[PDB]
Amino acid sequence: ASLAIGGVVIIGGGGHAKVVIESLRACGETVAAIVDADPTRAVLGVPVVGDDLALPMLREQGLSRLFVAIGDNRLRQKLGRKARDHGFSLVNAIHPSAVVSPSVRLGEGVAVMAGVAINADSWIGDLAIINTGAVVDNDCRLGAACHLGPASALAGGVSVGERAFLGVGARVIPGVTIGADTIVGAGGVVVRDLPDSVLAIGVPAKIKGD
């Protein structure tokens, strides 16, 4: 439990964590430690020091910066709130290759992966993930803890509800609103508004029931 000072604590030790650790390192940040619900190790050289019960200990020793590297949107949002209650600040992990327009408003805890572009006047909620290669055109609104998967793309003026997930290569045409907790499958091309809490798949994307 002997750590260096000044680095970032990561919640989560999975594949998403690996990519986040490397984004932070590419920016010259140090990653201090991981907390993982499997408390057994290291992820890309970063020690796993315990489960979330280790958070108070980490804060006590002076570490105060944290990122939640958990892909699950509702779990990520809960763990973000837990981290803030424990006195951590949620950093953003923005790969140096990402292009984020100067008029974009970013929340906290946001992952913006390599190859991303986000254009003018888009707003990105806390704990959003904008994954590898994704594109966000002008005037989009991304709600807290939503996830745009790798190689997905939003055309202009799209709104994505809290905790919504767009799978790899999903596309949304201009002006469309997607509700909270909605899942667009890989490749789905969304051509009309989607309400909350549905799954939509296909070209064009259609809602799938039971």
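All residue numbers refer to positions in the sequence shown, first residue = 1.
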| item | value |
| --- | --- |
| Where residue 40 meets residue 41 in the shown sequence, the number of deposited residues left unmodelled | 1 to 3 |
| Stretch with the greater mean C-alpha B-factor as recorded in the entry, comparing 151-159 against 31-39 | 31-39 |
| Higher-B stretch (mean Cα B-factor, as the entry records it), 124-132 or 86-94 | 86-94 |
| Criterion, highest CA B-factor; candidates, 44, 172, 145, 58 | 58 |
| Out of 68, 184, 63, 168, highest CA B-factor residue | 63 |
| Third assignment of residue 75 from its chain's C-alpha B-factors | highest |
| Third assignment of residue 199 from its chain's C-alpha B-factors | highest |
| Ranked against its chain, the third holding the CA B-factor of residue 140 | middle |
| Relative C-alpha B-factor of residue 26, binned into the chain's lowest, middle or highest third | middle |
| Chain thirds of CA B-factor: placement of residue 178 | highest |
